[PDB]
């Protein structure tokens, strides 16, 4: 009342660090009422402690410091408004994050499936859920000459909506009795969608579509140039032996086992085709 608080006093009283008070002083957000012309010691009054309330609350909600300066100068009505601003900014952060919880949750579901592989290199028939995907005409591309860059445009579309880029790389081609790799060309290349958020101004050359719900003859394995083709062969054979009727392209997905530059790269390949 009729004396001042030293810095340490204020700091214990308002639960704000000395360093912070000192800094709040440098920026002129909150200044000691008095500074001893000799010692440079900061001294504060009791009445001024109340200006800290605003500072602490705004800090708590994450208002930048230089905004608080603008905030101090408000009568209630205008400060009421100010708060609705903070509210809608918090709702955005909420929507953003809840979207994010759902996405990761899904990314996870997809990882689990690809570690619960029944076995590698043998053919399974399984019942699959729909997978939404964006795809593009693969303009004469195939296994021997497709690049990561081929996917770039698709990826830009996905990332803009989903946020989460990392995924598998897909392509499709016709089920034929192929007798070598060079014999084969992809129909479409594609990548899966994870969200249900409208894609911004998608352009004609992309197609939003799905790998439909159905029974599927599958084969999955860890990639090796040798095994690519010979595994497809198993799949062809499997189908011929059981006289199954195929009802879609061959769908091939490729997904990195890891993303380390320090280790040898390695991929999971999965090839599936729908049967009746």
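Numbering follows the first chain given and starts at 1.
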Regarding 125-133 and 168-176, which shows the higher C-alpha temperature factor on average in the entry? 125-133
Averaging the C-alpha B factors as listed in the entry, name the stretch that ends up higher: 236-244 or 45-53. 236-244
C-alpha B-factor winner, where the candidates are 154, 74, 146, 184: 74
In terms of the CA temperature factor given in the entry, to which third of its chain does residue 96 belong: lowest, middle or highest? highest
Taking the chain's C-alpha temperature factors as the reference, tell me which third residue 209 falls into: lowest, middle or highest. lowest
C-alpha B factor of residue 189, ranked within the chain: lowest, middle or highest third? lowest
Based on the deposited C-alpha B factors for this chain, I'd like to know if residue 231 is in the lowest, middle or highest third. lowest
Quick one: classify residue 217 as lowest, middle or highest third of the chain based on its Cα B-factor. lowest
